[PDB]
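Engineer: Before anything else, here's the structure in question.
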Amino acid sequence: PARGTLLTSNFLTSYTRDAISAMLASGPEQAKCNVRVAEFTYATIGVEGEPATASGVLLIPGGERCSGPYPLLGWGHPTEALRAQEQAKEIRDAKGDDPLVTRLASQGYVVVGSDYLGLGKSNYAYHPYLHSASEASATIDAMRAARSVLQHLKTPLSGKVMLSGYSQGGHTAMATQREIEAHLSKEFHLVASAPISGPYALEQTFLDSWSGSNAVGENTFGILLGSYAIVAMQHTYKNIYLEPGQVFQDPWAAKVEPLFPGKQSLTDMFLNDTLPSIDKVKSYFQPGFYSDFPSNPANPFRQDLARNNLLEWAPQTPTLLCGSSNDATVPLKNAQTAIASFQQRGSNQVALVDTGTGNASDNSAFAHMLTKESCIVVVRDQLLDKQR
Ligand SMILES: CCCCCCCCO[C@@H]1O[C@H](CO)[C@@H](O)[C@H](O)[C@H]1O
Ligand SMILES: CCCCCCCCO[C@@H]1O[C@H](CO)[C@@H](O)[C@H](O)[C@H]1O
């Protein structure tokens, strides 16, 4: 089947604008649109270009005071370690109380997000965590399938397309932006891109926080995120190890691969200390690997990270990188580094916005989860709204 072919689809539920405004008051801006929640599966490609399937979520706004046409916003979700997790069902289970619904779809934005290869109803054997090409291919094809759904429902689209995403989703959003701008500008009239708290300077991000802490603070969840990265990069490039023991010490070597993705969420793992805390990193990674990474640019894992940097290009679309200076998980430095190379490449289309407190006393790995909704609102108001 051609990339983007819609395989299955169906509505899960719907929320009235009043019901959405109630959520907002409870959590005050008012919703303007009702939000229909749909799910779907489509045909796409694997990391080698081979056929694969993936699932996705589609939020459709509607209502008397919300006539179209609507802009199409592609969305990249954050790091997901639970293999069976489906965004659409999560929103439905959350009773529609999700920023995608309360902050975007309720304001007239059609939202489409892929669960990514290896997650949700995807048939991929693993998830290519932080792999630019497949994060982009999965998102692009999700938007393709969603358009088929929308065309069948006669949903009026303006034709304008936009991108956004949080955490790993910020990486996804930017990777998609780059791919569309380089090859699909006709098919996708991209008018705005707003990556949120993403590791655009991927390799730099891991190097800067390799010891366990960075200029901002302690990268508390780094062992979980780095382990997911190592395992995923191994599945994709198969150049890191023959078996887990070359990188991880026992007893984790034999448990790490089934975890990413697996039966546990990142939160489960952190709370039950499935993996050691950053203070015991030297007891976690093998000594050879741990010292080779920061001292050898040819290190296999480091090369795989570099291959997924999103720095060497010139963005053409008005871009708003959002994050917080308090964020110690994904330093806002990522945005600065990105912007510096973009300009150095002739592009002045990318701006940066900080939602931090300004008090280094608020610096924490935990500030990362706060940028999701804070940045969705800011990015919507300062850029998306302007470009629709
Ligand atoms: C969505 C992208 C998130 C990137 C998070 C990077 C967090 C890096 O965190 C670091 O990881 C290293 C390797 O595991 C560890 O050695 C360090 O102790 C840890 O602080
Ligand atoms: C970037 C991924 C980090 C995973 C480990 C930390 C998980 C912390 O738990 C998170 O706390 C947030 C509030 O602070 C909640 O909004 C999230 O639902 C919850 O999963």
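Counting neighbours? That spans all protein chains shown, and the Cβs are built from the backbone with ideal geometry, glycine included. Here, each number is a calculation from the coordinates, and none is a lab measurement.
Engineer: Size of the dipole of region 202-309 about the Cα centre, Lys and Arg at +1 and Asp and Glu at -1 on the beta carbon, nothing else charged, in debye to 20?
Structural biologist: Here region 202-309 has a charge dipole of around 160 debye.
Engineer: What GluC sites (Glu not before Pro) does region 61-133 have in DSSP loop regions with at most 10 other beta carbons within 10 Å?
Structural biologist: Those satisfying the criteria are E64.
Engineer: Please report, to two decimal places, log10 I(q)/I(0) for region 202-309 at q = 0.10, 0.15, 0.22 Å⁻¹ as given by the Debye formula with identical point scatterers on the Cα atoms and no solvent.
Structural biologist: Normalising to I(0) and taking log10 leaves -0.25, -0.59, -1.39.
Engineer: Treat every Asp and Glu Cβ in the chain as -1 and every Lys and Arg Cβ as +1, leave all other atoms uncharged, and give the resulting dipole magnitude about the Cα centre to the nearest 20 debye.
Structural biologist: Computed charge dipole of the chain: roughly 1040 debye.
Engineer: Same structure, new question: Per residue of the chain, what 222 nm ellipticity follows from adding -39500 (n - 2.57) for every DSSP H run with n ≥ 4, rounded to the nearest 500?
Structural biologist: For the chain, the value works out to -10000 deg cm²/dmol.
Engineer: Just to confirm my numbers, what's the Cα centroid distance between region 178-218 and region 48-81 in Å?
Structural biologist: 20
Engineer: Run the quick spin-label model on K186 and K32: label points 7 Å from Cα toward the beta carbon, then report their separation in nm to one decimal.
Structural biologist: For the pair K186/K32, the computed spacing is 3.3 nm.
Engineer: With Cβ to Cβ distances under 14 Å as the rule, what net charge do the other residues near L202 carry (K, R +1; D, E -1)?
Structural biologist: Its environment carries a net charge of -1.
Engineer: Looking at the chain, what % of its DSSP beta bridges pair antiparallel, to the nearest 5?
Structural biologist: Rounded to the nearest five, the antiparallel share is 50 percent.
Engineer: Now, a different point. Measuring from label point to label point, each 7 Å out along Cα→Cβ, what is the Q286 to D362 span in nm?
Structural biologist: In this crude label model, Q286 to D362 measures out at 4.4 nm.
Engineer: For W313 paired with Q387, estimate the spin-label separation in nm (one decimal), with each label point 7 Å from Cα along the Cα-to-Cβ line.
Structural biologist: For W313 paired with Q387, the spin-label model returns 1.3 nm.
Engineer: At q = 0.14 Å⁻¹, what is the base-10 log of I(q)/I(0) for the chain according to the Debye formula with one equal point scatterer per Cα and no solvent? Please give it to two decimals.
Structural biologist: With one equal scatterer per Cα and no solvent, log10 I(q)/I(0) is -1.23.
Engineer: I've got another one for you. First select every other residue whose beta carbon is under 13 angstrom from the beta carbon of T5; then total the charges, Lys and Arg +1, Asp and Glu -1.
Structural biologist: Here the count lands on +2.
Engineer: In region 1-134, how does Rg compare with the Kirkwood Rh, expressed as the Rg/Rh ratio over alpha carbon atoms?
Structural biologist: 1.01
Engineer: Mind jotting down the distance between the C-alpha centroids of region 247-266 and region 88-144, whole Å?
Structural biologist: Cα centres, region 88-144 to region 247-266: 24 Å.
Engineer: Tell me the net charge near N239. Cut-off is 12 Å between Cβ atoms, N239 excluded, with +1 for each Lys or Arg and -1 for each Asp or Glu.
Structural biologist: Around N239, the surrounding residues sum to +2.
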